[PDB]
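Accompanying notes for the structure given below.
Coordinate-derived values only; no laboratory data. Cβ placement follows ideal geometry from the backbone for every residue including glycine, while neighbour counts extend to all protein chains displayed.
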Amino acid sequence: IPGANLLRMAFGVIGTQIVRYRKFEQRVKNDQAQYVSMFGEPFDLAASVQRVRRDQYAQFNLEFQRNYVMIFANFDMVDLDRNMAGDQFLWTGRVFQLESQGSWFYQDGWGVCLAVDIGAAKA
Amino acid sequence: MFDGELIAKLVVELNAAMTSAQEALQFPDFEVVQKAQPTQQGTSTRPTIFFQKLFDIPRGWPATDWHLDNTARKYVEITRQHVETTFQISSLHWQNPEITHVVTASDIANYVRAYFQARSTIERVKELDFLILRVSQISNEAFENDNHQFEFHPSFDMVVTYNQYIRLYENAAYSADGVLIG
């Protein structure tokens, strides 16, 4: 049934991991016509993280392997609109591009590994 | 002079140019690397310079001069060719929108081009047995980058002229005689 969420009751069997999730509120300018955004109050979320396991390429001598992650979470998260995306980090900052069945009960996600996190016990 | 000496000299000159440009524009740090690495490598997340060799132009008929070796009674033939080579210079830098102090990759490329076109640098590099012609264009190109973030890869090409030497052997004659008929 598309009523009670299946992911919530499935999380009682497989087992999950914990990530920190922060949402987007607004963006401003930096006298260069470049948007700079701000996020607010990161919180702890329970999600199942999967793999898609990238392969690299070349432009010229530049290998540029892009890092990807697949995440399942019972949250109504958005990747892109006339506004910004959301963020997360299992160990390094990440950002996703997809959508899922949010308005019924659950969603699943994506992720591209940005370089690192600030530190201080993984802020 | 061929390649190894030329590449080493160009690397030293590029290092000097970055050493100047760092105080000129206040970079965090820099690195100079060659494109087409023979071994698998990963790029560096710092202001970087890349160079590569495209092609060569013989530029003129070969010129031969003769040197005589008295002990072995042989001419050693020396042939000199004045070659032109084009090197492609490109840079890479990522823009952090939050910092207020702004420096662009195209800015670094422009400064590097300007350094090589100055009279003082040409005078200094003359003793290194090559010279530089004019540079006519710098172009910005945008690509998606591995982190799905738009980025610029400015580039331009540079021309250096030098001499190539080859050495060979030839016989020698020491006398002449003839016959006259009518």
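Computed over region A:76-123, the P(r) tail beyond 19 angstrom holds 34 percent of alpha carbon pairs.
If we count every other residue with Cβ under 12 angstrom of B:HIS67's Cβ, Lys/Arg +1 and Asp/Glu -1, where does the sum land? Around B:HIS67, the charge tally is -2. Taking each DSSP H run with n ≥ 4 as -39500 (n - 2.57) and averaging over every residue of chain B yields -7500 deg cm²/dmol at 222 nm. Counting charges near A:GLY109 (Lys, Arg +1; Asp, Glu -1) among other residues having Cβ under 10 Å from its Cβ returns a value of -2.
In plain terms, chain B is cut at each of the GluC sites (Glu not before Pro) found in a DSSP loop with at most 10 other Cβ atoms within 10 Å, and the longest leftover piece is B:1-97. Taking amide hydrogens as placed 1.01 Å from N in the peptide plane, the amide H of A:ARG94 sits under 5 Å from those of A:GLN88, A:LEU114, each at least 5 positions away in sequence or on another chain. Among A:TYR68, B:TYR162, the order by Cβ neighbours within 10 angstrom, fewest to most, reads A:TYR68, B:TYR162.
Inter-chain Cβ neighbour count for A:53-65, averaged per residue, equals 4 (cutoff 10 Å, partner chain atoms only).
Bridging of B:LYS126 to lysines at a Cα separation below 18 Å is possible for B:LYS9, once same-chain residues fewer than 8 apart are set aside. Under 5 Å from the amide H of B:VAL159 lie the amide H atoms of B:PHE87, B:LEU133, each residue being 5 or more positions distant or on a separate chain, with H modelled from the backbone and absent for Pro and chain starts.
Out of every Cα pair in region B:66-174, what percent are spaced more than 18 Å from each other? Considering region B:66-174, 67 percent of its Cα-Cα pairs are separated by more than 18 Å.
Other residues whose C-beta falls under 10 angstrom from the C-beta of A:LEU98 contribute a net charge of -3, scoring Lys and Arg +1 and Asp and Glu -1. Put simply, the amide H of A:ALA85, placed in the peptide plane, has no neighbours under 5 Å, leaving out anything fewer than 5 places away on its chain.
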